[PDB]
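Written out below as structure tokens is the structure these notes cover.
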Amino acid sequence: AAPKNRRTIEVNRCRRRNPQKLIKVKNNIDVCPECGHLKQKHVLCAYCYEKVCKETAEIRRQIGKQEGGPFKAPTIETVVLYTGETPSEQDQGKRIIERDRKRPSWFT
Amino acid sequence: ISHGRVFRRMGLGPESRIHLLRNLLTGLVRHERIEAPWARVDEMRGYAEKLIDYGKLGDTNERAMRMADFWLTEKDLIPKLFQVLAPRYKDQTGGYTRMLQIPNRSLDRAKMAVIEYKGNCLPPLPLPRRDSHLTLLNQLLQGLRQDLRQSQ
Amino acid sequence: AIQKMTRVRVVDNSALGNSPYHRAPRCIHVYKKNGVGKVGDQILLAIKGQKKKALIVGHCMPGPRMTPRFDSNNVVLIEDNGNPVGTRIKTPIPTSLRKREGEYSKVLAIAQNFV
Amino acid sequence: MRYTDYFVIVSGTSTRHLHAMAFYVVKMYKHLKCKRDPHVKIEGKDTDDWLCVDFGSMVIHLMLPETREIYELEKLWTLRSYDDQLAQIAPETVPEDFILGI
Amino acid sequence: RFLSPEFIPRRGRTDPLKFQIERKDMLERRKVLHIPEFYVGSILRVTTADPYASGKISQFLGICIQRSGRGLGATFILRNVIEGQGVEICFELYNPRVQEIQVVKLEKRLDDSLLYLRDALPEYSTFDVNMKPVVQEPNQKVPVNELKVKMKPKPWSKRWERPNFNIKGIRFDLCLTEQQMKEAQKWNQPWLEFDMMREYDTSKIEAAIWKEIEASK
Amino acid sequence: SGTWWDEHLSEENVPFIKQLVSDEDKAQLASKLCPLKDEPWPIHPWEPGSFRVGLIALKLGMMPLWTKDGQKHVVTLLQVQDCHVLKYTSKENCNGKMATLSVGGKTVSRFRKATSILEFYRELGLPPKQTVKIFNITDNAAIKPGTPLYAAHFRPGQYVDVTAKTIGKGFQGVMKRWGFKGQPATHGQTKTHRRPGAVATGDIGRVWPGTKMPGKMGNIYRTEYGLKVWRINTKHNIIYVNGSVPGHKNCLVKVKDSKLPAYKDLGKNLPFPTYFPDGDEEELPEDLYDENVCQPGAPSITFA
Amino acid sequence: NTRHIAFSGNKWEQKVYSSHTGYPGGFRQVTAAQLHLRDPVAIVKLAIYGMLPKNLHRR
RNA sequence: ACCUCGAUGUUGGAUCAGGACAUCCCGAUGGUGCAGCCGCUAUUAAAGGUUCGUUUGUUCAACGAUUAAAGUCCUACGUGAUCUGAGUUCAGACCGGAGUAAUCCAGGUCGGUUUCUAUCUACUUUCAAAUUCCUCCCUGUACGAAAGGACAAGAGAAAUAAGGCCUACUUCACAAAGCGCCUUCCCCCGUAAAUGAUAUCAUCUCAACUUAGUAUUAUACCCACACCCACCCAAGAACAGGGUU
Ligand SMILES: [Mg+2]
Ligand SMILES: [Mg+2]
Ligand SMILES: [Mg+2]
Ligand SMILES: [Mg+2]
Ligand SMILES: [Mg+2]
Ligand SMILES: [Mg+2]
Ligand SMILES: [Mg+2]
Ligand SMILES: [Mg+2]
Ligand SMILES: [Mg+2]
Ligand SMILES: [Mg+2]
Ligand SMILES: [Mg+2]
Ligand SMILES: [Zn+2]
Numbered sequence: 079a080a081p082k083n084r085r086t087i088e089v090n091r092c093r094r095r096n097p098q099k100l101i102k103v104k105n106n107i108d109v110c111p112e113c114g115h116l117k118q119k120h121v122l123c124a125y126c127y128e129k130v131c132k133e134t135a136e137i138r139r140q141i142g143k144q145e146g147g148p149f150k151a152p153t154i155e156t157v158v159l160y161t162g163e164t165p166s167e168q169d170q171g172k173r174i175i176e177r178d179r180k181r182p183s184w185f186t
Numbered sequence: 009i010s011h012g013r014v015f016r017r018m019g020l021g022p023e024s025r026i027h028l029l030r031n032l033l034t035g036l037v038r039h040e041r042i043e044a045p046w047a048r049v050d051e052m053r054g055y056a057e058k059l060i061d062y063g064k065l066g067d068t069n070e071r072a073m074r075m076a077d078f079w080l081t082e083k084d085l086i087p088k089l090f091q092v093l094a095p096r097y098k099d100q101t102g103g104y105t106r107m108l109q110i111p112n113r114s115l116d117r118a119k120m121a122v123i124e125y126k127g128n129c130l131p132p133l134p135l136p137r138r139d140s141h142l143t144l145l146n147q148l149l150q151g152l153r154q155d156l157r158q159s160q
Numbered sequence: 031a032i033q034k035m036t037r038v039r040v041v042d043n044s045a046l047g048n049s050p051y052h053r054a055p056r057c058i059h060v061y062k063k064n065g066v067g068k069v070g071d072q073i074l075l076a077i078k079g080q081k082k083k084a085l086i087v088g089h090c091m092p093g094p095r096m097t098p099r100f101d102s103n104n105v106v107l108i109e110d111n112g113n114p115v116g117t118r119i120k121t122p123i124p125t126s127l128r129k130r131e132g133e134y135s136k137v138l139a140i141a142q143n144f145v
Numbered sequence: 118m119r120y121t122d123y124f125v126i127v128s129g130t131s132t133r134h135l136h137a138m139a140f141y142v143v144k145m146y147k148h149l150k151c152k153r154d155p156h157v158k159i160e161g162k163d164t165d166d167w168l169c170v171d172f173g174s175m176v177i178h179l180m181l182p183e184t185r186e187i188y189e190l191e192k193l194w195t196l197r198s199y200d201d202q203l204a205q206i207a208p209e210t211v212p213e214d215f216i217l218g219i
Numbered sequence: 074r075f076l077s078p079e080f081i082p083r084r085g086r087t088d089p090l091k092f093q094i095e096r097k098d099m100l101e102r103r104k105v106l107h108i109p110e111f112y113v114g115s116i117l118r119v120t121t122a123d124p125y126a127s128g129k130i131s132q133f134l135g136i137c138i139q140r141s142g143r144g145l146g147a148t149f150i151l152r153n154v155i156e157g158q159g160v161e162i163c164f165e166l167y168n169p170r171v172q173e174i175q176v177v178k179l180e181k182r183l184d185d186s187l188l189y190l191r192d193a194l195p196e197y198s199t200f201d202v203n204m205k206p207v208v209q210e211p212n213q214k215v216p217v218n219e220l221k222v223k224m225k226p227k228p229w230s231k232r233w234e235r236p237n238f239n240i241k242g243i244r245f246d247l248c249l250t251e252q253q254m255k256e257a258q259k260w261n262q263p264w265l266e267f268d269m270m271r272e273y274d275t276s277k278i279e280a281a282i283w284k285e286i287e288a289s290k
Numbered sequence: 045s046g047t048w049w050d051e052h053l054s055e056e057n058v059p060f061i062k063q064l065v066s067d068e069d070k071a072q073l074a075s076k077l078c079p080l081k082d083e084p085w086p087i088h089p090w091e092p093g094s095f096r097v098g099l100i101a102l103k104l105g106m107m108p109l110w111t112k113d114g115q116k117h118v119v120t121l122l123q124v125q126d127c128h129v130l131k132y133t134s135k136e137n138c139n140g141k142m143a144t145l146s147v148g149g150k151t152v153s154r155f156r157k158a159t160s161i162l163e164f165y166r167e168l169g170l171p172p173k174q175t176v177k178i179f180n181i182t183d184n185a186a187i188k189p190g191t192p193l194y195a196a197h198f199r200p201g202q203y204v205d206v207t208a209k210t211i212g213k214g215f216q217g218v219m220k221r222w223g224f225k226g227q228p229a230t231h232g233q234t235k236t237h238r239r240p241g242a243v244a245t246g247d248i249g250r251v252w253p254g255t256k257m258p259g260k261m262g263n264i265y266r267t268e269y270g271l272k273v274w275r276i277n278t279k280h281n282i283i284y285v286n287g288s289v290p291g292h293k294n295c296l297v298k299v300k301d302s303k304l305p306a307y308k309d310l311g312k313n314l315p316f317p318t319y320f321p322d323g324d325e326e327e328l329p330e331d332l333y334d335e336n337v338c339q340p341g342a343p344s345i346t347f348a
Numbered sequence: 061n062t063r064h065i066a067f068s069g070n071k072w073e074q075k076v077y078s079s080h081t082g083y084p085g086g087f088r089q090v091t092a093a094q095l096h097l098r099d100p101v102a103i104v105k106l107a108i109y110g111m112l113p114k115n116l117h118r119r
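Going down the list, the protein sequences come from chains A, B, C, D, E, F and G. The opening position of the first sequence corresponds to residue 79 in full-length UniProt numbering, with each subsequent residue numbered one higher. The opening position of the second sequence corresponds to residue 9 in full-length UniProt numbering, with each subsequent residue numbered one higher. The opening position of the third sequence corresponds to residue 31 in full-length UniProt numbering, with each subsequent residue numbered one higher. The opening position of the fourth sequence corresponds to residue 118 in full-length UniProt numbering, with each subsequent residue numbered one higher. The opening position of the fifth sequence corresponds to residue 74 in full-length UniProt numbering, with each subsequent residue numbered one higher. The opening position of the sixth sequence corresponds to residue 45 in full-length UniProt numbering, with each subsequent residue numbered one higher. The opening position of the seventh sequence corresponds to residue 61 in full-length UniProt numbering, with each subsequent residue numbered one higher.
What follows is the structure, encoded as structure tokens:
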């Protein structure tokens with residue numbers, strides 16, 4: 079079917095600008111106590127998560143170097159190590175991954 | 009009408025549904041932590057937990073081997089399942105996987121969840137932490153607890 | 031449920047029912063407010079170039095729990111009077127036929143097996 | 118035989134004689150009937166030759182001699198599977214491999 | 074141990090109390106009338122009171138073909154060909170009308186339903202009305218009949234050849250062709266064998282039912 | 045910002061608060077188990093024309109029940125859970141011909157309730173109930189608020205009316221909502237199989253109000269009239285009622301005496317204000333049955 | 061004393077009040093007498109209402 | 001008659017109906033050449049209901065089997081931005097006929113393109129206070145020469161309609177459905193009577209008045225209102241609703 083008459087600006091302005099079609103204010107925002115950036119509650123801090131994922135990205139890169147080719151996932155557990163630290167007695171008998179930097183504060 | 013419909017329809021049909029979930033599960037096994045759409049993470053999550061229980065049955069179980077064969081596409085992960093993952097979760101009876109909501113995807117604006125198997129090698133996810141016991145309200149509640157215990 | 035244009039089996043010693051013919055007997059009409067006919071209901075038959083009234087005696091459709099359920103649609107040929115044309119019923123008939131409302135006593139009288 | 122305790126067959130002279138008997142029996146029944154004893158219904162009043170009345174534990178059949186000669190109700194009920202009328206009729210079986218030949 | 078199928082409840086949002094209520098009622102009835110251990114293949118003779126008569130006794134013998142339902146309303150269906158007529162009766166287990174249930178011949182078949190016996194040859198469903206009970210020693214494995222049954226022509230009540238029915242007790246070789254078999258295979262659904270959330274383990278559930286039952290006696 | 049009860053509690057305090065509030069609901073239920081002992085209201089003997097209070101029950105599920113004549117009647121099971129009297133309003137104040145009694149249902153959490161409602165229940169001395177329904181009563185039927193109610197409130201042979209919200213089927217088409225026939229599947233029929241027909245007559249330049257057309261189906265209150273009470277389990281407070289009851293399982297129904305003309309003056313012998321178990325006039329057995337009901341654990345029925 | 065109003069002639073039970081609910085078959089026609097028993101105020105209310113000017117001020 | 005309807009024609013049919021009473025059936029009365037049973041005629045009543053096949057594009061009609069009955073109309077011969085296109089309609093062809101021919105025919109026969117993403121109006125849970133058939137009792141009675149064959153009061157079975165539900169059966173399987181199960185409640189406004197005047201009898205009263213007759217209504221359902229983190233849901237398009245001890 080086809081419109082029988084042009085809708086006026088006022089009619090349209092009532093459609094468009096009612097509270098239903100408006101953007102609602104979010105009330106669940108907070109400050110990330112860790113980094114001090116803004117995070118939504120119920121959601122992980124975007125900054126903090128990026129930080130983790132950049133670290134874990136590099137760890138996965140070192141995993142590839144040592145593994146060296148597809149279909150070579152080991153049958154032991156894994157541990158990650160940084161500059162100036164040694165595997166414990168219980169750490170013995172599992173895969174070691176080395177690093178060229180200091181251990182992060184948040185990663186313990 | 010669809011009350012008490014448990015599984016959510018996903019791919020281009022039930023066969024595809026399984027296939028997507030199997031891919032997700034394969035990834036998670038291998039890498040131990042995976043970002044994917046919130047619905048799909050939630051959906052796959054259950055099958056991930058059920059896989060550890062089949063893994064707990066052991067290599068010797070022929071049924072469990074056939075299951076692992078289907079659900080792991082890499083075939084190199086099957087040893088890992090049975091000799092790494094199953095031994096790791098010996099104590100716990102359940103609750104091997106954790107899921108969290110992370111910021112929405114840039115391109116798509118989709119809800120995104122990270123899922124990881126617990127006690128992995130990787131750097132730990134920033135987790136929701138309840139406030140310290142030394143907070144004003146907690147101290148007042150600890151006050152009330154003191155009253156009740158010391159009354160008898 | 032036996033409705034219009036349903037094939038039925040005449041379970042009688044009556045000549046008309048047991049006669050060899052090119053057509054199976056067909057349900058012309060059901061004597062009920064709604065067309066569906068269960069056991070005990072009367073239905074009209076087209077057999078061998080004539081119309082005949084018949085009583086439904088057991089059917090394939092599931093009924094109430096403890097009531098039997100047969101594998102063929104069994105009818106007994108009756109006159110308009112109520113007198114069955116045949117003398118004997120070889121096939122078993124359900125006992126429920128007794129308590130149902132109507133002229134069932136004569137058919138019970140000539141039946142051998144109750145299930 | 119899960120029908121009745123006692124089966125009864127009685128003959129009659131004429132159609133109107135049969136109604137006389139059936140209607141007396143039912144009438145007298147009601148007189149001596151127990152309160153909780155359910156009411157009974159005569160069958161086949163429209164019918165010429167055959168009338169039937171069911172009681173609690175008795176079943177009665179009113180007939181002409183003509184219909185007695187053709188139904189043989191006594192024979193059926195005394196000897197069940199062994200009567201002559203059941204012997205003539207034979208069960209029909211479908212052929213093996215389910216092929217008809219002329 | 075053998076637990077009757079009816080006691081194990083289906084997946085639902087029914088509160089546990091409702092099942093406890095129904096179990097107590099069932100167990101009371103079991104004391105009054107002995108319910109025998111029977112399987113789907115087994116042969117049963119059931120004696121009941123006949124309401125259409127003045128308390129006369131009816132017995133019916135036949136082969137069980139399915140067992141279904143839960144709680145008090147749980148049922149089973151018996152089949153038999155009486156003098157050239159197939160008859161099926163569905164019986165309630167906890168109906169007060171039933172007088173006695175006896176196991177005449179206790180056996181399992183290859184599959185858990187036998188509704189295909191309608192389409193099978195008549196003799197496979199024809200069982201003698203008066204047959205003597207045959208009994209075995211108490212600590213014996215429940216015997217299985219590995220009979221496969223020959224069929225009628227292909228127009229059947231249901232398409233048994235399809236893998237959703239998963240019938241192991243039919244001589245398919247005799248009736249079907251190779252091309253029909255490969256046609257049926259288009260409905261296979263091979264993932265369904267490995268669907269993990271589809272499965273229903275009743276281990277802990279049955280354990281708790283056992284605890285209730287041993288308490289009852 | 046919006047705050048829920050857990051926002052600022054440590055892991056140590058959470059179990060403590062949980063157990064504390066659990067204790068207090070148990071304590072509040074414990075306090076009110078003796079209605080007659082605590083200063084009650086006058087108890088009047090029943091006279092014709094009188095109406096008493098009802099109950100709020102949860103639908104557990106369904107079951108078969110047998111009668112001596114051998115017939116099978118399906119029953120629905122109704123559990124009376126934490127049913128209490130809330131408020132009494134006089135005939136003057138309610139602006140009705142009858143006085144009114146408020147009755148509460150399933151016990152619910154304090155943390156998810158409204159401020160004012162929490163205040164109301166604090167004054168009563170009872171934990172918050174999920175549903176509230178109002179019963180129209182006569183003056184004599186008045187019950188002091190806080191008084192618990194039991195399933196033995198009803199007795200077998202009594203007919204009841206049952207109202208609940210029906211099962212919600214959401215936006216439905218005309219065919220499943222109103223049982224419209226619809227159009228054939230073949231012989232043409234382009235893109236019309238389940239459509240409503242002609243809506244109205246052409247002469248009228250509108251559509252009549254209250255015409256049947258596709259919309260939101262179910263999720264509305266409906267009442268079932270004259271349901272016989274076959275059986276009462278006194279221990280679990282189960283009412284067994286004939287036939288089907290509206291709404292899903294684990295929903296709350298309102299059950300009162302039947303309104304139908306046939307059962308107008310049948311409330312003579314039925315425990316008038318309510319049944320008081322604390323009275324100890326006669327201790328009611330585990331179960332109560334109707335005459336016709338076949339008892340579970342009774343000998344197999346003969347029609348002899 | 062709106063109940064104790066008097067009608068001239070046979071206007072108690074000759075004069076009808078018509079009202080339609082939107083719904084089909086919704087046409088209701090009641091006599092002044094029978095309407096009076098429903099609500100005593102109603103007669104006076106309807107008379108006065110019809111007498112006022114037919115504008116937005118009316119209500 | 002008319003510068004009113006129609007350039008996606010019109011007849012039927014599908015779906016869905018709204019209304020009128022001049023009532024086909026069911027209800028209440030009067031009379032009868034009303035023994036009873038059926039009947040014939042008139043008043044009152046529109047709440048409810050008013051079948052399925054075959055032939056033909058059928059509207060009609062005929063035929064067959066039923067029913068309680070298978071009403072008469074109006075609504076742009078209701079309704080085609082809801083649907084068919086069977087007949088009759090454009091381009092092709094034939095029979096028969098007209099015509100020198102091209103071509104034509106109120107005949108017969110074969111084939112033949114049905115668009116639209118809804119802007120506005122209107123509407124999208126108001127109440128069911130349920131109808132009917134049959135069988136039995138009375139009773140095989142009254143009545144009647146016989147044949148035949150009642151009414152009120154009551155009981156049971158069904159069928160449909162409305163509103164629900166899933167314990168069984170069934171399609172199926174954390175559920176949804178029917179083929180399955182549960183519930184379903186007021187009366188009619190035409191007449192039949194007294195007492196009693198105008199018109200001291202009588203007379204049912206557009207006299208005053210007194211009973212059938214309430215000559216109008218039910219009862220029932222709903223009915224508190226934080227956070228509007230997040231999750232779950234027998235709630236749901238979104239929104240909202242319920243639970244989260
Ligand atoms: Mg998709
Ligand atoms: Mg079939
Ligand atoms: Mg259809
Ligand atoms: Mg098209
Ligand atoms: Mg289509
Ligand atoms: Mg002119
Ligand atoms: Mg024009
Ligand atoms: Mg009229
Ligand atoms: Mg006109
Ligand atoms: Mg139109
Ligand atoms: Mg063609
Ligand atoms: Zn941060």
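In this text, a Cβ means the ideal position worked out from N, Cα and C, and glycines have one as well.
Contact test: residue i Cβ vs ligand 5 heavy atom, cutoff 7 Å
i, result
"F:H237", "yes"
"F:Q227", "no"
Distance CB(residue i)-CB(residue j) smaller than 8 Å
i, j, result
"F:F95", "F:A185", "yes"
"E:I162", "E:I108", "no"
"F:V147", "F:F198", "no"
"A:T153", "B:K126", "no"
Residue i Cβ short of 7 Å to ligand 12 heavy atom set
i, result
"residue 56 of chain A", "Absent from the model: residue 56 of chain A. The displayed extent of chain A is 79 to 186, so no value can be given."
Outcome for residue i when other beta-carbon atoms lying within 10 angstroms are tallied against a minimum of 16
i, result
"C:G65", "exposed"
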